[PDB]
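Mapped onto the deposited numbering, the consecutive letters of the sequence shown carry residue numbers 6 to 99. Note that beta-carbon positions come from the ideal geometry of N, C-alpha and C, so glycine has one too. Structure first, then comments.
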Amino acid sequence: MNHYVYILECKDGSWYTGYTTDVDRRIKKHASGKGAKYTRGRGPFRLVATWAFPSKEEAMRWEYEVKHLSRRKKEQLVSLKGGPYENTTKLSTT
């Protein structure tokens with residue numbers, strides 16, 4: 006199965022942790038791509054980062070541990086990878 010841990014920054018500033026596991030999203034994108042463009046989204050879910058694990062236990066333990074750790078370590082987790090520079094959204098850079 007496909008284990009993707011997504012962390013979304015909510016309207017409040019709290020990071021929403023949860024890993025998804027459905028093949029449907031993958032095939033859906035390919036099916037939709039036939040006569041469609043990449044552009045799709047609005048908010049208010051801000052994607053900070055995405056962690057993909059081919060391993061069952063790693064996906065379960067990662068989720069479980071981010072649920073385990075406090076805010077301070079939750080911040081540190083993003084400080085390891087997820088930094089504003091890694092967002093590469095736009096800001097003002099051409």
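Margin query: Quick check on DSSP: helix, strand or coil for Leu96?
Written below: coil
For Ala64, does the three-state DSSP call read helix, strand or coil?
helix
| Where the alpha helix (DSSP H) through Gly38 begins and ends | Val28 to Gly38
(message) If the criterion is Cβ atoms closer than 8 Å, does the pair residue 5 and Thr22 meet it?
(response) Not covered by the structure: residue 5. The range shown for the chain is 6 to 99.
State yes or no: is the C-beta of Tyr43 within less than 8 Å of the C-beta of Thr25? no
If you compare alpha carbons, which of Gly46, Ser19, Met6 and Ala54 is closest to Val28? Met6
Here's a check: name, in chain order, each residue in its chain whose Cβ is nearer than 8 Å to the Cβ of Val53, leaving out the five neighbours to either side. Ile12, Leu13, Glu14, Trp20, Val83, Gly87 and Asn92
For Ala64, does the count of other Cβ atoms within 10 angstroms reach 16, so buried, or fall short, so exposed?
buried
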